[PDB]
Amino acid sequence: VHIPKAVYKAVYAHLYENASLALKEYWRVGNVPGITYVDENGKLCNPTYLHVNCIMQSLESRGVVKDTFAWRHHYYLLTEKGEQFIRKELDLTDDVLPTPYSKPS
Amino acid sequence: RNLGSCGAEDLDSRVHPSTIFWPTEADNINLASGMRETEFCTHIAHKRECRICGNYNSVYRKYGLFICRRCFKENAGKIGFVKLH
Amino acid sequence: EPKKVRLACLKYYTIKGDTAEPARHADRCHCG
Amino acid sequence: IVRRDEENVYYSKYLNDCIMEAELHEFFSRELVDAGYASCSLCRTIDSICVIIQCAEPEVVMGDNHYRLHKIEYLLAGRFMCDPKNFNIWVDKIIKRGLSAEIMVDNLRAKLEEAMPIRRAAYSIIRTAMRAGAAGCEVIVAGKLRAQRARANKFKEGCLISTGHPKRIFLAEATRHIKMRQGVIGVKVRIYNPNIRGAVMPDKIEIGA
Amino acid sequence: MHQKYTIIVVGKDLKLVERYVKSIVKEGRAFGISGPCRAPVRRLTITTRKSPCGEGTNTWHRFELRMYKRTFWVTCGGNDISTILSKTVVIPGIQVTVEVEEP
RNA sequence: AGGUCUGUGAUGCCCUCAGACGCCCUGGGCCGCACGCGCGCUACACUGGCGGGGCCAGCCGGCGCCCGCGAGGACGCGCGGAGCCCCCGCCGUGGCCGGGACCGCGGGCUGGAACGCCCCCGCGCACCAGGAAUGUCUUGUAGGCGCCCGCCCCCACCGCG
RNA sequence: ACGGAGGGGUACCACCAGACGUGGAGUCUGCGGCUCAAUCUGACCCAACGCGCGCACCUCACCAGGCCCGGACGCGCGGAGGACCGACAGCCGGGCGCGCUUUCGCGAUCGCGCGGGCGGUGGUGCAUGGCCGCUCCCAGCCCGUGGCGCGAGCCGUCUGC
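Rules and cut-offs
Residues numbered from 1 in each chain as written, not as in the entry; some residues may be left out. Chains lettered and ligands numbered in written order. Part of a larger assembly, values for the part shown. Heavy atoms only, no water. Residues with missing side-chain atoms left out of burial classes, pairs and counts. UniProt positions renumbered as here; feature names shortened; annotations may be inferred. Near = heavy atom within 4 Å. Polar contact = N/O pair within 3.5 Å; in protein donor to acceptor, adjacent residues only side chain to side chain. Helix = DSSP H or I, 4+ residues; strand = E, 2+ residues; numbered from the N terminus. Domains from an automatic or database assignment. Contact = heavy atoms within 4.5 Å. Buried area = accessible area lost by both parts, 1.4 Å probe. Nonpolar A, V, L, I, M, F, W, Y, C, P; charged D, E, K, R; others polar. Disulfide = S-S within 2.5 Å. Buried < 20%, exposed > 50% of the residue type's maximum accessible area, 1.4 Å probe, protein only.

The PDB entry lists chain E under the name Ribosomal protein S20, with Giardia intestinalis assemblage A given as the organism. In the PDB, the entry goes by the title "40S ribosomal subunit of the 80S Giardia intestinalis assemblage A ribosome with Emetine bound in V2 conformation with mRNA and three tRNAs".

The PDB entry lists chain D under the name Ribosomal protein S3, with Giardia intestinalis assemblage A given as the organism. Under the UniProt heading Sequence similarities (unreviewed entry), the note attached to chain D is "Belongs to the universal ribosomal protein uS3 family."

See the structure below:
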């Protein structure tokens, strides 16, 4: 619950770069192998499931992203509003766009 | 309690260093990397569960599925299993 | 359920910015 | 003469991708209902992944500038630990929708959630199927339609076979669940087409004079 | 130049696996490849109770999965690194029939 | 109104909802026993028990060297099939070498932790073909003999074959 | 639908002719009762009783005790002249800065009231879907035109082989 700002920025940046978040329905103690950050820790460290789950819950409840549970994985996707929000925190400007807008190829 | 310590004869008898043979069952990497944190989930044990419905009872580990039996007759056709003979 | 103690001008350790300390048992800020 | 522990690598490498296929099918069926998603097929290539979808109208899911689809590709890269840009998705379209039960049942659920009467909707589906070319179609609705006591009524038209191996080909069945105010309403469908793919049913004899 | 190569094929349906074969062998007559070694069939078996609960007579389901395997390793010197791709393209790619190659 | 809300991000209506029926930890129980019965296992012995030897299956399948009576253990490599049965002998109608329940020292394995499971010595319960009642079965069938998988950290008198 | 009514047929979940058993002993296991703090429950003729795929921890619901909020999201109020959260040492506590006696640390990730959530092996299977079992180890069921009846209905769909 005492989530550092670095985790917030890392999550948001991964969101923007892949416009997505294929997360797991997990509640024990563990580390996400994808998103990673290097701050205070001094090296690119993973975050813990509890923090990210709380953050994404807040995001969804706020309408920024929407989910689509299937088996045991959460699949989130961000909307136009979310794009118009994430852009603000990461010091972005309107012109910059997410990567999938362009061709994956 | 970071400065406490006991008689060495009481410290040669600690447990075997070779960690533990009780790791959780993780199907993929997405699960994990490996105050209350001191004891939130220290009870480390297998928790293998249906990768569909997340249930710890009646899980077919055979062939590395990890699929409950009730959560299996539905998807058998999709997977490829067919009911003949 | 111990409750905090009010914060105040404990920096007056020095009469006039003599830069002294940057107490019971000698403990470090946090660990020891 | 040979070691059975090596070929088990290939065998376990063909089981994993089958399970990968089905999870995708569930995900699609739960998401791409507006595009009339029918089914999914996958050609595991050593270079990448190529996925061939079956939707009634891909242009919807295809998305302006292919934005939605490209968003989707990146997403599945995270879950399957595959590098994005190697998860190319190809869309395909269906023409004889009346020949497919899944599309019609999705349409039926859509109608029903509007509070549209059950009889009119079911018979619309049925005349649709017979217009597209069909030798039969049966429909069902079970639940708490009106009163607390629950009973089921079924509609139909022409013959439908429900026995043998032929039921594993010429007979396509489908079902869904509907969550309404009173409670779960259950609907299921089946269409019989003996002339699909130019396959001849047995116990059938033609003679020329 | 010469490398001694092997081709693996796997599948769950007998028709495609018997159709991929004809195409590949017809395509490789020149390079010197020869027919397959049909391997023992791998039988996956599962018996499950037909009910989600214990009731009535005890009736069982019997699911199975057959996996078929054909192995051409007769390219070897007859085919160089580049020429292998010549053979893996003219064939009619099928949506489900993993084919692995290894010298 | 057969069973299943205790399989599920299947679910309507009620009740729980910060001293929580939420989630996590430490112990215990689900195995507790004067008693009635349902599916099985082992036996009541000479058409047999014991000791030595010879020898053939299929679903399918992993082995060498050295310690230790054995169970097991330390090393290192990829390689592989049993009971009944047959032959030679001991016993010689005795609740006896039939039967191995129960119990007393000991040596090991699993595991974070034996209450769990194996091996050795000793002890050696009923049981002499089972009343009223009752079940299954027509060719590779009944019956007899053993062998693999399921769940499983160890454990099969169970079940599918 | 039924008949201790008649006439034709049929099947080792019926019998004839036979075989192998069970019910008798000890034991494995499940089931009712008794017990306990708890011995968590479902199912009761065929159509419940080695069945709901192996209970030392988990599984786990039950018993005796203890940490955490993991209270999303909007309105009013307060908050950095400091919202919330941790720790050395010593006691008490099974143990943990759980709690008690001081005294250091971190910093808005918020807190309080109001609305509103999430979650729950909590109840109703006599409110439901789906899935199974049984009727059924059967041989039966219905359509268009036409005809007979005011009509419920009948013929078609067979008092023959």
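So, on to the protein's contact with RNA strand G. For RNA strand G, the set of nearby residues contains 53 residues, the closest of which are A:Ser61, C:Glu1, C:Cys29, D:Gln148 and E:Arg49. A:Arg62 is positioned such that a nitrogen or oxygen atom in its side chain is 2.9 Å from a phosphate oxygen of RNA strand G. Of all the secondary structure elements, the ones that give two or more residues to the surface near RNA strand G are α2 (49–61) of chain A, β4 (136–143) and β7 (184–192) of chain D together with β2 (42–49) of chain E. Here the surface near RNA strand G takes 5 residues from α2(A), the largest share from any one element.

Another aspect to go through is the domain arrangement of chain D. Residue and element names in this part refer to chain D. Looking at the assigned domains, one finds that chain D contains domain 1 (10–93) and domain 2 (101–192). Placing a centre on the C-alpha atoms of domain 1 and another on those of domain 2 gives a separation of 28 Å. Facing 4 residues of domain 1, the contacting portion of domain 2 comprises 4 residues. When the area that domain 1 buries against domain 2 is broken down by residue, the three leading residues are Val-33, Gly-36 and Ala-38, summing to 71%. Inspection of the domain 1/domain 2 interface yields 0 residue pairs in polar contact. Here the residues of the side of domain 1 that touches domain 2 are counted per class, giving 3 nonpolar, 1 polar and no charged.

We now examine the state of the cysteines. Working definition of a disulfide: a covalent bond connecting the sulfur atoms of two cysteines. Residue and element names in this part refer to chain B. Applying the stated rule across the entire model yields 1 disulfide over all chains. Here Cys-53 connects covalently by a disulfide to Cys-71, the sulfurs 2.0 Å from one another. Here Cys-53, found in the segment before β1 (59–60), pairs with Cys-71, found in the loop between β2 (67–68) and α1 (76–79); they are 18 residues apart in sequence, far enough to count as distant. Residue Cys-71 is classed as buried on the basis of its relative accessible area of 18%.

All names here are of chain D. Checked against the element boundaries, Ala-150 lands in the loop between β4 and β5 (151–156). Put simply, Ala-150 and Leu-171 are 21 residues apart on the chain and 28 Å apart in space, counted from C-alpha to C-alpha. In contact with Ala-150, other than residues within four places in its own chain, are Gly-143 and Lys-144.

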